[PDB]
Structure formats: structure tokens, C-alpha cells
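Residue numbers (the authors' numbering), protein chains in the order written: chain AI, 4 to 156; chain AJ, 4 to 137; chain Af, 1 to 37. C-beta atoms are modelled at their ideal positions from N, C-alpha and C, and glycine is treated no differently. To start, the structure itself, in C-alpha cells.
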Amino acid sequence: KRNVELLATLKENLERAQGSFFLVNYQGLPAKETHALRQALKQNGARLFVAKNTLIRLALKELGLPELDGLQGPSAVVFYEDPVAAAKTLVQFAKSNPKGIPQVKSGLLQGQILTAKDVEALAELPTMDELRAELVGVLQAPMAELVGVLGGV
Amino acid sequence: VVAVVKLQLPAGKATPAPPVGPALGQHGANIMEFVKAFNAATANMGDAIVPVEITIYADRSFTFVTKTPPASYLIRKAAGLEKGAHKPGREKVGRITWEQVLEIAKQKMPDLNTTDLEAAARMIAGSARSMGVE
Amino acid sequence: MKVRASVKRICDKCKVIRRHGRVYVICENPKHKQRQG
RNA sequence: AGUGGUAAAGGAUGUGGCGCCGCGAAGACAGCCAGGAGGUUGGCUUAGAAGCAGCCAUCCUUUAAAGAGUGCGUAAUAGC
């Protein structure tokens, strides 16, 4: 009685469907304006529980049961928890960045995030509005393993 | 100056009596008798909650274009809800075909919050309930 | 209003106020001045 | 309470006592913050219901989880 078997058995289920979730303080948006950034989530993403506005103690502590390295990024204040795991997190990050940014005074700030398995840095989560299509780590290898003939030209 | 107001008229008629309307023609708008112009528009839209809905520019004007029927209404619009002819219900002309609800939208499922790939299964269950198709 | 008795509140959210053995109901509507002490 | 120091009907977020109910630290309630979500838009009446006018509706998607809208209301509506 009463918080444990209910809701708690789904908070780690829809957030464990993979390994690449995030966290954003969403709320400062009217029902109509709020149903746009969330409802549209399917577009920029794919139902990815981009933090259905959990709360606290439940989402943060939840890390224990699952052991997602404890998304120790930001539990204070609003807690949305952008479920980038249940959808297709990667480059869609931008679809949620500009939306909750280019509209109203700071639509919805971000919090934590796990890069496949690592912890997404606060200051290193926004600038990446566009999930590196893997090309990044590939834009300095093949073009950096064949450029001594380009200064070879 | 500038600032308009929201409004929801019908989908078919145009006669502007009390809808087009102490609403627009007051709080902010122009001209009246939006009916004549409503018929030339709502004619192709009006039978499942169609919001546009009612404004007033510097003319004012005008008809043309539209929105469609509200979610539920637009979901079970292919029913008939011919009921209500007395109290809350409740006899004769009730069903609308199990497939109809789906066939009716189907298309009738574009403009909606966030998005929906089905308004005849989950969308119908809701709106339909408001009418009688629970 | 008063009455050496009765009082089962009223104004849908009419208050049961404890004041001096004074069974006094307080509300937001004069209609309820319930003085039964 | 001065009951001690006569009284019933009956009234009560009196006082103290059970023998019991809510604790999801998946950290409580009164206090707080913000959103108070899109089909929700006639059924009659639509002069207006497009929850906040009367004869019932008891469904759906959708997330802060969802009010078949408990409530200040007029012309619907619009605001709490």
C-alpha cells in the first residue's frame, strides 16, 4: 500500500525498452500548447516516452531497480524524462530542442541522458540537437586516414 | 488591433443569425450576414463538428476554406445520431456499421493533436460513446 | 441568525466553528449565521 | 466546564480512550508551482451548452492522467 506494484512496474518497463533515454522539465506549457510539443513527439521521434512528466523519487529512485547507472543529471524541479529509448533517439533530439526553445521563454529545458550506455552531459546534450548519425566519428577517420595526399594535392 | 476571437459555426449552412453572430460582429470583426458566405463554404463541410470558426477582419471577410469535424464527431460522423429526438437516447436508428466507423476515418483523421494512425478504433470508442455507440 | 438548537451546517461548505462553548457556524453567506450557544 | 452545586429531545472538525481505517520512501495530507491537454462542439435548445441553462448520454484516442467536466455564470460562449 500503495506505490510499488502499480505505476512503479511500468516506469522502468517503458523506460527500459532500450538504452538511450533523457530528461526534460516539461510543464510550463498550456494544455493546448503542451499537447503540441508532446503530441507531435511522434513526428520528431516515435512515441519515445520523452519524459511523460513523471514527477520525482519514482523516476530518480527507479534507476535502482533497473540500475541505469542512475541518471544522476537533474532530479530537482520538474521531471519529464524524455523516453528516447521507446521510439528512436539519436538525431531527433533537435526536433524537441527547437520546438521547446524557439517558442516561449524556454519551452522545456533538458536534464539528463544516457548515450547508449554512458551519461549524457548537461552542457553536452543541447548543442547536440542533432543526434550524430554516426557520421561524426566517421568524419574524422576515412577523411582523416586519406588526407596526406590532399595536402597531398 | 489586432486581435481576433475564437468561434465555431456549422458545417453546411451560411445564414448568419445568432452565430455570425453577436460573437464576431462585436468583440472584434466586421460586417454581418456571414450566412450568405457560410453556405458557399460550410456547404462542403458540416456534419461532424467543423471548427474554423468565426472571426472578423478589416472588411469584414469572409467565407471559403474551413477546418472539418471535431475528433469524435468526425470519427463517428458516418453514423446518423438521428436519435436525441427525445430525452437522452434511445430507440431506432442507433447502429452505424462496425466497419463504417473505420471507413469513415480512414481519411477523416488528418488534423488532430500530435497524430493518430487510427480514429475508427480508438477514436470511435470515445466520440461514439458520446453519441450512443458505446 | 441563531437558534438554541438545530444546526447541521448548510451552505454546502458551511463551517462548524468552535468558539466559547458557542456552537457557532461560520460561512460565506449571511444566510448561515449559525449562532446556537 | 466550575459538572461539583438536580433535567430529558436532541445537537455538534468538546476532552480524553478504544478495538479499528490512509502511509505507493514506486517519500504522505492543509499549505506550493504550472498545465489545467486535442475528438471532447447536439441529443432537444442551438437566442446557448461547444463540462459552468432542462429529458439520458457512461465511449476513443491521448498524457501532466485522462472529470460521462463537483463548482462563480450570462448570449451562447468567453475566464476562475
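Closer than 8 Å, CB to CB, is residue i near chain AI or not?
i, result
"residue 3(AJ)", "Absent from the structure is residue 3(AJ), since the part of chain AJ shown begins at 4 and ends at 137."
"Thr117(AJ)", "yes"
Give the range of the alpha helix (DSSP H) segment to which residue i is assigned.
i, result
"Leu142(AI)", "First-last for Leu142(AI): undefined, no H or E at that position."
"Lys35(AI)", "34-40"
"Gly28(AJ)", "27-30"
"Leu117(AI)", "From DSSP, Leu117(AI) is part of no alpha helix (DSSP H) but of the beta strand (DSSP E) over 113-118."
"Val104(AJ)", "103-106"
"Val38(AJ)", "37-45"
"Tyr24(Af)", "Per DSSP, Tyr24(Af) belongs to no alpha helix (DSSP H); it is in the beta strand (DSSP E), 22-26."
"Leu13(AI)", "11-14"
"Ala128(AJ)", "125-134"
"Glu18(AI)", "Unbroken run through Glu18(AI): none, as it is neither H nor E."
"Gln46(AI)", "44-47"
"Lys86(AJ)", "Here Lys86(AJ) belongs to no alpha helix (DSSP H), and DSSP marks it neither H nor E."
"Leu10(AJ)", "Unbroken run through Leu10(AJ): none, as it is neither H nor E."
"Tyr76(AJ)", "74-78"
"residue 3(AI)", "Shown here, chain AI extends from 4 to 156; a query on residue 3(AI) therefore has no answer."
"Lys95(AJ)", "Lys95(AJ) -> no alpha helix (DSSP H), and no H or E assigned at all."
"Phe96(AI)", "96-99"
Around the C-beta of residue i, are 16 or more other C-beta atoms found within 10 angstroms, so that it is buried, or is it exposed?
i, result
"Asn47(AI)", "buried"
"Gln110(AJ)", "exposed"
"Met126(AJ)", "buried"
"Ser109(AI)", "exposed"
"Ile59(AJ)", "buried"
"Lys35(AI)", "exposed"
"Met1(Af)", "exposed"
"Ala54(AI)", "buried"
"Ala61(AJ)", "exposed"
"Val25(Af)", "buried"
"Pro105(AI)", "exposed"
"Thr45(AJ)", "buried"
"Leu44(AI)", "buried"
"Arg41(AI)", "buried"
Along the chain, where does the beta strand (DSSP E) containing residue i start, and where does it finish?
i, result
"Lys111(AJ)", "Run containing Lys111(AJ): none; DSSP gives neither H nor E here."
"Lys15(Af)", "15-19"
"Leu26(AI)", "25-27"
If contact means a Cβ-Cβ distance below 8 Å, which residues of the region 26-52 of chain AI contact chain AJ? Cβ contacts with chain AJ come from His38, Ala39, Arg41, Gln42, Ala43, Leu44, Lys45, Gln46.
Count the C-beta pairs between the region 92-108 of chain AJ and the region 122-131 of chain AJ that are closer than 8 Å, then say yes if the count reaches three, no if not. Between the region 92-108 of chain AJ and the region 122-131 of chain AJ, the count of C-beta pairs closer than 8 Å reaches three or more; the two stretches touch.
For the structure I just gave you, are there three or more beta carbon pairs, one from the region 17-28 of chain AI and one from the region 76-94 of chain AI, closer than 8 Å? Yes: the two stretches touch, three or more of their Cβ pairs being nearer than 8 Å.
Touching by the beta-carbon criterion (3+ pairs, under 8 Å), the region 17-29 of chain AJ and the region 135-153 of chain AI: At 8 Å Cβ cutoff, the stretches do not touch.
Using a Cβ distance threshold of 8 Å, determine whether the region 114-128 of chain AI contacts the region 70-90 of chain AI, with at least three qualifying pairs required. Because the criterion of three Cβ pairs below 8 Å is met, the region 114-128 of chain AI and the region 70-90 of chain AI touch.
Is it true that the region 90-105 of chain AJ meets the region 67-77 of chain AJ, where meeting means three or more beta-carbon pairs spaced less than 8 Å apart? Segment contact: the region 90-105 of chain AJ against the region 67-77 of chain AJ, fewer than three CB-CB distances shorter than 8 Å; contact not assigned.
Quick test of the definition: if touching needs 3 or more C-beta pairs under 8 Å, does the region 128-136 of chain AJ touch the region 11-22 of chain Af? Touching, no, given that fewer than three Cβ pairs across the two stretches are closer than 8 Å.
Counting Cβ pairs closer than 8 Å, one from the region 125-133 of chain AI and one from the region 56-64 of chain AI, do we hit at least three? Contact between the region 125-133 of chain AI and the region 56-64 of chain AI is not established, with fewer than three Cβ pairs separated by less than 8 Å.
If we count Cβ pairs, one from each stretch, closer than 8 Å, do we get three or more for the region 80-87 of chain AJ versus the region 13-22 of chain AJ? Touching, no, given that fewer than three Cβ pairs across the two stretches are closer than 8 Å.
Cβ contact (3+ pairs, closer than 8 Å) linking the region 7-14 of chain AJ and the region 47-58 of chain AJ: A contact exists between the region 7-14 of chain AJ and the region 47-58 of chain AJ.
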